[PDB]
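Engineer:
Number of protein chains: 4
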Amino acid sequence: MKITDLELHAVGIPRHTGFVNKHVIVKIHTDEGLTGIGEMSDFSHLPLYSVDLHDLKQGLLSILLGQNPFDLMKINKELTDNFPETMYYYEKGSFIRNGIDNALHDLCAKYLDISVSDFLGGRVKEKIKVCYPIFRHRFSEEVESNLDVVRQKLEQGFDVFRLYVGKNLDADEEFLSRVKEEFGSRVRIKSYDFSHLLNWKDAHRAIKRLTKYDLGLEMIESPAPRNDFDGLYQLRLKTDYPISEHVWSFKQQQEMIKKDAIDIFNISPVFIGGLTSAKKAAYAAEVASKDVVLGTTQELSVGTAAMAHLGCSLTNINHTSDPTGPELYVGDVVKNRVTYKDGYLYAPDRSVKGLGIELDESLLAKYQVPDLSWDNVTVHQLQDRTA
Amino acid sequence: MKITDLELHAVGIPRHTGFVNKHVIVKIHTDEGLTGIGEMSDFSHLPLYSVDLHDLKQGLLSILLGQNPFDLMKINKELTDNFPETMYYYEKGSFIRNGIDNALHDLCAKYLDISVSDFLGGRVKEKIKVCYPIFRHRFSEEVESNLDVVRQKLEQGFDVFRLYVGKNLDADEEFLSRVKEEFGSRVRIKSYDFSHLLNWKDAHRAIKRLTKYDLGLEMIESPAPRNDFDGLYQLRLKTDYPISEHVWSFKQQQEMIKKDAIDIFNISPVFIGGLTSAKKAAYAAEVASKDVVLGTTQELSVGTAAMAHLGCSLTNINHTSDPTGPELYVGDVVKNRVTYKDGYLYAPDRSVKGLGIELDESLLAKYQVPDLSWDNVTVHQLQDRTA
Amino acid sequence: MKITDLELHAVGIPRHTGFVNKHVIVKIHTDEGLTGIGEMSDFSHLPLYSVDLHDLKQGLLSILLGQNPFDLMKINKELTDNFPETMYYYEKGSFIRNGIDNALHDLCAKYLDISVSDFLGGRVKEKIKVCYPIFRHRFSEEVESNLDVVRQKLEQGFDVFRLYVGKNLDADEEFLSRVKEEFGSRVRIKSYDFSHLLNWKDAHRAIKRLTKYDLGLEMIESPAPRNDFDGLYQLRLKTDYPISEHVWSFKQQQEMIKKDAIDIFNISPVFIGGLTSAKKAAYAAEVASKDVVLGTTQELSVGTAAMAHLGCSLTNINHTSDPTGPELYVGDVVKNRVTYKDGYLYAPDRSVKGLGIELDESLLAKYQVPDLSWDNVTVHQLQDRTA
Amino acid sequence: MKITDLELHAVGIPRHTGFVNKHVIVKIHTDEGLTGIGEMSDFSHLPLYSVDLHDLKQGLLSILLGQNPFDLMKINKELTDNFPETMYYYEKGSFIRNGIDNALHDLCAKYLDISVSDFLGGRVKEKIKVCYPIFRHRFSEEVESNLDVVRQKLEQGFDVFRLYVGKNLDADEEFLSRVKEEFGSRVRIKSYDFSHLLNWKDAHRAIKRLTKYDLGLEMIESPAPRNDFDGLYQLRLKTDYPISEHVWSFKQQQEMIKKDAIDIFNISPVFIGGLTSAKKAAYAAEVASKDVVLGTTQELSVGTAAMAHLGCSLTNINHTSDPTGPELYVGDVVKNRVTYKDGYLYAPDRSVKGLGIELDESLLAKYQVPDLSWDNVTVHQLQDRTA
Ligand SMILES: [Mg+2]
Ligand SMILES: [Mg+2]
Ligand SMILES: [Mg+2]
Ligand SMILES: [Mg+2]
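Protein chains in written order, with the entry's author numbering: chain A, 1 to 387; chain B, 1 to 387; chain B', 1 to 387; chain A', 1 to 387. A prime marks a further copy of an entry chain.
1. Would you mind working out which of A:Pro-47, A:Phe-43, A:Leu-237 and A:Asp-55 sits nearest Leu-48 of chain B', comparing C-alpha positions?
2. Between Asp-42 of chain A and ligand 1, is there a pair consisting of the residue's CB and a ligand heavy atom that are separated by less than 7 Å?
3. Output, in sequence order along the chain, the residues in the region 32 to 45 of chain B' whose CB is closer than 7 Å to any CB in chain A.
4. On a CA-only basis, which of A':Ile-220, A':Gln-253 and A':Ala-288 is nearest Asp-228 of chain A? Give me that one, please.
5. Anything in the region 123 to 150 of chain A' with a Cβ closer than 7 Å to a Cβ of chain B'? List those residues in chain order, please.
6. Beta-carbon within less than 6 Å of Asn-102 of chain A''s beta-carbon, same chain only, minus the 5 sequence neighbours each way: which residues are those?
7. Closer than 7 Å to a non-hydrogen atom of ligand 4 - does that hold for the CB of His-196 of chain A'?
8. So, for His-319 of chain B: in the same chain, excluding its five sequence neighbours on each side, which residues have a beta-carbon less than 6 Å away from its beta-carbon?
9. Mind reading off the beta-carbon distance from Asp-322 of chain A' to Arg-123 of chain A'? Whole number of angstroms is fine, and I expect it under 8 Å.
10. So, is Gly-93 of chain B' buried or exposed, given that buried needs 16 or more other C-beta atoms within 10 angstroms?
11. According to DSSP, simplified to helix, strand and coil, what is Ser-44 of chain B'?
12. Taking Cβ-Cβ distances below 8 Å as the criterion, which residues of the region 206 to 232 of chain B' are in contact with chain B?
13. So, with DSSP's three-state summary, where would you put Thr-86 of chain B'?
14. Got a sec? Which residues, its chain only, sit under 6 Å from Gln-156 of chain A by beta carbon, not counting five neighbours each side?
15. Kindly indicate if chain B' contains any beta-carbon less than 8 Å away from that of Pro-84 of chain B.
16. If I'm right that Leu-53 of chain B touches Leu-372 of chain B with Cβ under 8 Å, what's the distance once you round it to whole angstroms?
17. Taking three-plus beta-carbon pairs below 8 Å as touching, is the region 336 to 353 of chain A' in contact with the region 24 to 35 of chain A'?
18. Using CA coordinates, which residue listed in B:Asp-360, B:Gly-354, B:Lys-366 and B:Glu-358 is at the minimum distance from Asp-118 of chain B?
19. I'd like to confirm something about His-45 of chain A: is its beta-carbon nearer than 7 Å to some heavy atom of ligand 5, or not?
20. Take the Cβ of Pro-348 of chain B' as the centre, count every other Cβ of all protein chains shown within 10 Å, and call the residue buried at 16 or more, exposed below.
21. For the putative contact between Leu-107 of chain A' and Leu-34 of chain A', defined by C-beta atoms under 8 Å, what is the C-beta separation to the nearest angstrom?
22. In chain order, what residues of the same chain have a beta carbon less than 6 Å from the beta carbon of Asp-5 of chain A', not counting five sequence neighbours either side?
23. In chain B', which residues lie less than 9 Å from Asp-159 of chain A when you measure between Cβ atoms?
24. Following the continuous beta strand (DSSP E) through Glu-245 of chain B, name the residue where it begins and the one where it ends.
25. Counting pairs of beta carbons, one from the region 109 to 117 of chain B' and one from the region 138 to 148 of chain B', are three or more of them closer than 8 Å?
26. Tell me which residues share the same chain as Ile-257 of chain B' and place their Cβ nearer than 6 Å to its Cβ, disregarding the 5 neighbours each side in the sequence.
27. Whole-angstrom Cβ separation of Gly-99 of chain A and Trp-374 of chain B', contact assumed at under 8 Å?
28. Look up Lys-127 of chain B in the DSSP assignment and give the residues it is bridged to.
29. Using 8 Å as the threshold, is the region 71 to 78 of chain B' in touch with the region 6 to 17 of chain A', meaning 3 or more CB pairs across them?
30. Can you find the residues in the same chain that come closer than 6 Å, C-beta to C-beta, to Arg-178 of chain A, ignoring five residues on each side of it along the sequence?
31. Quick one: what does DSSP say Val-333 of chain B' is sitting in, helix, strand or coil?
32. Which partner residues of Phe-161 of chain A appear in the DSSP bridge assignment?
Below, the structure written as structure tokens:
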């Protein structure tokens with residue numbers, strides 16, 4: 001069983017918020033005819049440069065050609081050798097490794113005629129509670145619209161949300177106040193996400209005022225600058241609420257564990273390099289007796305399926321998670337999108353071998369884009385995912 | 001696919017050193033007729049009490065009956081719930097979990113018609129370098145015999161050994177001196193193992209005198225009391241050689257990582273609860289950028305096969321390992337023992353589904369023992385594995 | 001005075017060692033006709049992906065178009081906003097910012113009819129002592145050739161070299177032994193560079209054996225993994241020799257200062273984002289009373305000129321530096337290359353406004369490459385800069 | 001281009017508060033006829049001794065004569081060699097270096113026919129928000145007068161003030177209460193300045209009671225004894241408000257950064273040695289991701305212009321600053337004083353080469369004083385700047 005070819009399909013898919021993200025769908029072919037599909041999710045994050053896909057295909061083929069897809073450890077070592085961890089939340093090399101590794105999981109599972117779920121340790125649960133995102137308000141006039149989003153998504157079954165804050169505390173607080181007023185306890189905002197925008201003391205001030213509104217609050221996320229382990233730790237001591245932070249590299253995670261800097265490790269395949277790398281991070285957290293939440297960059301159904309399988313295999317996810325990409329994007333590239341019901345993300349049919357998802361060639365063509373080039377966008381928009 | 005029954009076969013097998021160990025061979029039956037075999041290796045360690053196997057079978061069946069063998073994470077969680085980690089090197093509950101988990105790996109692999117190697121992440125290598133053990137000298141008159149062991153094993157292909165030290169430094173040093181004198185550089189003693197017998201300062205003194213003899217020395221193992229993380233750390237700073245310590249619980253490992261107490265994590269399925277638990281520990285070490293060595297309690301071919309598969313899947317084993325059980329025991333319970341050549345342990349045939357090993361019912365009967373009861377033995381003998 | 005257009009010229013230039021690097025020459029045009037030239041030096045480092053230059057030109061123009069070139073702080077803030085620091089030695093975004101910022105310095109200086117030297121604080125010295133690199137030996141058979149390099153470069157005036165070590169200590173030591181034997185004290189090897197390849201304890205062992213050879217040794221560089229501040233600190237306490245490390249981000253530098261992890265800060269424009277960013281790093285080091293050495297990625301004459309101007313303005317460079325790009329590359333893109341005499345890099349003519357260098361359009365065409373795509377190369381080769 | 005002569009003009013100028021400060025206006029002449037003007041601001045601080053200006057002129061000429069004004073780094077090194085940093089807030093040697101360095105900036109800019117703004121990195125903003133000072137109350141009967149100051153300055157456009165506290169908490173609190181009562185939210189008191197008068201615990205008590213009044217409070221300044229880094233740190237952990245402290249030497253700043261002792265670094269040219277030294281301090285703060293506020297000793301228009309140029313070039317000034325000297329002093333020595341509008345200090349006309357200020361010889365004569373001798377004044381008056 002050996003890899004014979006690789007295909008990278010670039011697509012552009014807008015969100016209901018108006019933000020347009022570019023993704024890359026992966027296809028890994030073998031000598032036996034089995035093909036694994038994967039996803040290099042959301043390249044639309046800073047830095048403001050783009051990766052040449054023609055060159056990337058050559059580099060990746062050079063690595064994969066002739067290899068046994070079952071050699072996951074070997075292949076991931078070589079992938080990391082060529083795309084080193086950088087201690088940066090949005091390293092494009094991590095998105096790349098992720099697409100290859102989840103495609104390999106799909107491939108191996110298909111070959112074995114089993115769901116990726118059973119290739120990852122089986123299931124602990126059949127679905128995971130998630131939350132719908134409300135992007136940060138930079139202005140008070142943005143509140144009304146966001147309240148309608150809550151009203152609409154709640155009616156659709158999403159009773160839990162998360163709020164990005166930090167830019168305009170008055171606006172943040174106006175929103176939280178309106179929500180509590182209109183929905184009482186019907187809606188929960190499980191997290192206030194600062195996106196590394198504030199130094200910890202300022203975050204402390206913000207946290208102190210925002211936490212006046214506790215609508216089923218579960219955690220405060222990224223309340224310090226990237227890699228500010230000391231700040232995270234001090235904040236963890238001053239905050240009653242659990243502190244959560246994204247895991248973007250093993251070194252970064254090791255340090256947060258060494259310093260006991262946080263309470264919840266936000267782990268997501270795309271930011272750490274794939275399912276293989278995410279499992280290592282999740283197991284490290286388990287060994288450290290740390291809580292885990294399944295994070296997201298907001299991916300399409302292929303990427304969401306992959307993470308749903310991993311999510312349902314973990315024993316230390318005791319809080320609400322974040323992947324709601326297929327609900328946020330207006331389009332997708334599959335025949336049947338992953339399913340969300342009552343604010344829960346369901347793991348794909350365990351009876352279906354592979355990821356449990358199927359590409360729709362007509363949709364791949366429909367959303368096709370010539371490259372990962374950038375369009376007109378501001379830094380604020382890239383940070384907040386707004387348009 | 002569900003578990004329907006469980007069998008526990010107790011056996012007693014003497015070593016060439018004269019020490020007799022008791023093991024338990026596991027059989028996990030399913031509704032579809034597939035059976036997974038496992039091993040609860042070497043129960044012959046302190047504390048000086050024994051586990052009732054009739055009661056254990058009931059407790060384990062209560063847990064396993066009706067479950068899907070592929071739910072490894074779920075099952076291991078329940079196993080740990082019933083057999084908690086204790087921070088003790090020889091917790092019998094860990095040996096128990098190990099036997100069940102490796103039997104489940106065998107079962108799942110058989111069902112999928114693949115080697116356990118491909119169920120663990122494939123291969124990074126086809127064999128792992130190991131060393132033959134020379135148990136500690138309590139007296140100078142024990143040296144001669146041990147020199148013959150070296151002479152004999154070297155001729156058989158084992159050019160690397162490890163030496164247990166600490167009880168009699170004069171004897172330890174006499175041995176090392178004789179070896180260097182007779183074999184020059186033909187033989188390497190990759191580790192001096194103190195077995196947690198000395199406080200770190202005394203170990204430092206011992207290390208300073210013993211390291212006068214460096215025959216390809218790779219590490220100093222367990223040079224401090226059990227769980228003495230501060231001592232290990234101080235010794236790590238005073239020793240040029242890497243310091244290695246066994247991983248017997250996640251809490252213990254977390255602490256050694258938090259304090260950067262050691263250089264090499266000695267990981268072995270039997271002491272941590274199985275392949276699933278060992279993978280978690282190995283991945284935690286990888287995330288922490290720490291070296292790993294495959295340790296051992298000296299198991300039979302079933303247990304050695306399981307660890308050989310895991311060993312060949314890891315990317316961070318850069319030193320000589322220790323599993324040489326099948327070479328140390330006079331008998332075994334399989335049709336074909338694992339293979340050792342030129343001081344290397346080979347991973348079972350990757351073409352053979354499952355563990356790649358086969359039980360020999362006649363040998364199971366031959367070595368059968370009614371229970372895990374203890375025979376006449378001293379504390380020194382249990383610590384040194386001598387007779 | 002405003003920016004009106006931008007040009008990015010990709011080139012490929014082989015080294016005498018056989019390694020081929022790709023660079024990007026920058027041109028920033030203004031309404032008044034003045035053009036600043038710059039260099040995005042050596043993109044040929046991992047990660048193994050390449051930046052789309054057509055897209056990059058658009059992104060950069062979006063930032064620069066219409067701006068006043070004299071607004072260096074404002075522009076650098078916006079550059080960093082779009083190309084965030086990642087805590088990674090070879091972040092391509094840093095090379096990009098560097099090319100833009102040094103082109104802006106050239107532009108501003110030209111407008112003022114002064115040398116970049118006088119735009120950076122004048123001069124403290126007219127030349128800086130540098131060393132010629134001897135890339136790491138992976139095999140003993142590579143020694144002879146490297147000895148000839150020393151023999152040849154010494155005859156040309158380079159009496160100081162630096163040696164990359166870590167892969168094969170026997171080979172490293174063979175080289176050092178041969179050199180001392182053949183040249184006595186005629187040649188100095190000012191640094192042993194581990195390139196973050198070893199954990200600090202292994203580096204300590206290596207340092208202990210390699211430092212048996214002290215041929216005017218000034219420092220040990222990168223003797224620990226990237227961002228291993230604790231390791232650097234411990235090594236700094238165990239090593240008599242100064243410990244030096246590259247500055248690749250302000251956060252990383254802040255942490256090495258907070259922990260007093262090193263003795264010498266290796267600062268180079270390309271890895272930190274340009275002259276503006278390098279000045280900030282150098283001043284931070286000065287405020288911290290820390291020694292500085294001018295590092296390098298080995299750039300062409302445009303990039304080397306820029307760093308020569310900065311180098312000669314600093315008051316805390318008390319050791320031998322590393323930029324010898326124009327001596328290492330077989331070709332260049334200027335009419336007159338920077339000058340090296342007696343192992344010293346001379347700052348460009350202070351009477352010549354701007355960088356003091358002039359592009360040669362025929363050479364730009366000669367070395368032109370269609371893009372920054374990768375050719376066949378191994379990880380070892382990318383780490384060691386060998387072919 | 002070389003320095004040929006130096007002039008030091010001592011002047012005495014009273015404040016509207018009645019306090020009389022002595023300053024020294026600097027003139028640096030060159031062979032080409034260009035003259036740079038500078039200011040050694042407010043020598044009227046303890047210690048109670050004065051510097052002989054005849055001797056100083058000789059010492060400074062010895063240093064400057066024949067030098068190239070563009071050699072800022074070289075000259076500042078030599079200035080610091082002769083006037084060492086002492087870790088004291090009011091080291092007269094710092095005022096001296098400051099006057100020379102800002103005069104050199106004026107000189108270099110004039111030669112280049114550009115504003116000092118463009119010699120410092122351009123602009124990030126065109127004006128900086130400042131606050132008017134209310135000096136500490138030692139008695140309750142001093143409150144009324146200070147309330148009139150607020151009433152009067154507010155009408156003139158200053159809506160932000162800062163209050164010196166610590167001597168009489170009852171008086172401090174009486175003032176704050178009256179202000180809030182009479183102006184509601186019309187006026188903001190951005191800082192409560194303890195002037196290093198109290199030990200941190202006493203400051204904590206004072207802070208706890210004073211912060212009952214939050215009129216746009218931005219920071220607590222100098223809430224611990226000089227150089228009490230541990231105290232500043234403990235207070236930073238116990239105070240929600242940012243803690244700010246003056247930077248009077250690089251060693252002091254390095255230590256506050258090493259210990260993460262404060263939130264905001266109050267940087268001002270006069271206390272650190274000039275624009276060159278202040279830029280180094282500001283860049284160090286930037287590298288440390290620390291906020292900066294432009295502090296003051298309250299200087300004349302020459303010194304305020306210099307700092308206005310630096311202030312508008314920094315990217316990390318996110319709070320209200322303090323320089324309001326030209327509004328506080330009854331007289332000045334220039335043709336046109338720096339401009340303040342709506343509580344903002346405007347950077348001098350960017351079209352005017354040099355500092356953008358012009359000396360008025362008649363005013364220099366008017367305010368001339370024979371030396372820097374002290375008049376009758378008490379320690380309390382020198383600490384509080386009262387009369
Ligand atoms: Mg995203
Ligand atoms: Mg044992
Ligand atoms: Mg380079
Ligand atoms: Mg003053």
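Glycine is no exception: its CB is placed at the ideal position from the N, C-alpha and C atoms.
Structural biologist: So, to answer that:
1. In the third sequence, residue 48 of chain B' corresponds to position 48, counting from 1. Minimum Cα distance to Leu-48 of chain B' is reached at A:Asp-55.
2. Walking along the first sequence from the start, residue 42 of chain A turns up at place 42. Flag set: Cβ of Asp-42 of chain A near ligand 1.
3. none
4. For the purposes of this step, residue 228 of chain A is identified with residue 228 of the first sequence, where counting begins at 1. When each option's Cα is compared against that of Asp-228 of chain A, the closest is A':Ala-288.
5. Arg-123 and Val-124
6. Here residue 102 of chain A' refers to the residue found at position 102 when the fourth sequence is read from its first residue. So the qualifying residues of the chain are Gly-38, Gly-274, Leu-275 and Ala-306.
7. In the fourth sequence, the residue the question calls residue 196 of chain A' occupies position 196. No; taking the cut-off as 7 Å, the Cβ of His-196 of chain A' has no heavy atom of ligand 4 nearer than that.
8. Here residue 319 of chain B corresponds to residue number 319 of the second sequence, with the count starting at 1. Excluding residues within five positions, the ones whose Cβ falls inside 6 Å are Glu-218 and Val-293.
9. Residue 322 of chain A' sits at position 322 when you count from the first residue of the fourth sequence. Residue 123 of chain A' sits at position 123 when you count from the first residue of the fourth sequence. Wrong, their Cβ atoms sit about 20 Å apart, outside the cutoff.
10. Stepping through the third sequence from its first residue, residue 93 of chain B' is reached at position 93. Buried.
11. To locate residue 44 of chain B', count along the third sequence from 1; it is residue 44. In this structure, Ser-44 of chain B' counts as coil in the three-state DSSP scheme.
12. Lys-208, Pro-225 and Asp-230
13. To locate residue 86 of chain B', count along the third sequence from 1; it is residue 86. Looking at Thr-86 of chain B' - three-state DSSP - the assignment turns out to be coil, as it is neither helix nor strand.
14. As a working mapping, residue 156 of chain A is identified with position 156 in the first sequence. Closer than 6 Å at Cβ, skipping near neighbours: no residue.
15. Translated into positions along the second sequence, residue 84 of chain B becomes position 84. It does not: the Cβ of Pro-84 of chain B has no partner Cβ on chain B' nearer than 8 Å.
16. As a position in the second sequence, residue 53 of chain B is number 53, starting the count at 1. As a position in the second sequence, residue 372 of chain B is number 372, starting the count at 1. Contact flag correct, Cβ pair sits at about 7 Å.
17. no
18. Indexing the second sequence from 1 puts residue 118 of chain B at position 118. Considering only alpha carbons, the answer is B:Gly-354.
19. As presented, the structure is devoid of ligand 5, carrying ligand 1, ligand 2, ligand 3 and ligand 4 as its sole ligands.
20. For the purposes of this step, residue 348 of chain B' is taken as the residue at position 348 of the third sequence. Classification of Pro-348 of chain B': buried, given that the 10 Å Cβ count is 16 or more.
21. Reading the fourth sequence from its first residue, position 107 is the one you call residue 107 of chain A'. Reading the fourth sequence from its first residue, position 34 is the one you call residue 34 of chain A'. Contact flag correct, Cβ pair sits at about 6 Å.
22. Taking the first residue of the fourth sequence as position 1, residue 5 of chain A' is located at position 5. So the qualifying residues of the chain are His-29.
23. Residue 159 of chain A sits at position 159 when you count from the first residue of the first sequence. Simply none; closest approach about 35 Å.
24. On the second sequence, residue 245 of chain B is found 245 positions in, with the first residue counted as 1. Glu-245 of chain B -> beta strand (DSSP E) spans 243 to 246.
25. no
26. Taking the first residue of the third sequence as 1, we reach residue 257 of chain B' at position 257. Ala-288, listed in sequence order.
27. Counting from 1 along the first sequence, the entry for residue 99 of chain A is found at position 99. Counting from 1 along the third sequence, the entry for residue 374 of chain B' is found at position 374. The Cβ separation is near 18 Å, so there is no contact.
28. Working through the second sequence from its first residue, we reach residue 127 of chain B at position 127. Note: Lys-127 of chain B sits in a beta bridge opposite B:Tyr-346.
29. no
30. Sequence index remark: in the first sequence, residue 178 of chain A carries index 178 (1-based). Once the five neighbours on either side are set aside, the close Cβ partners of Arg-178 of chain A are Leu-147.
31. Residue 333 of chain B' sits at position 333 when you count from the first residue of the third sequence. DSSP places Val-333 of chain B' in coil when its eight states are reduced to three.
32. One-based indexing of the first sequence puts residue 161 of chain A at position 161. DSSP, once it has assigned bridges, lists A:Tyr-132 and A:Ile-189 as partnering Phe-161 of chain A.
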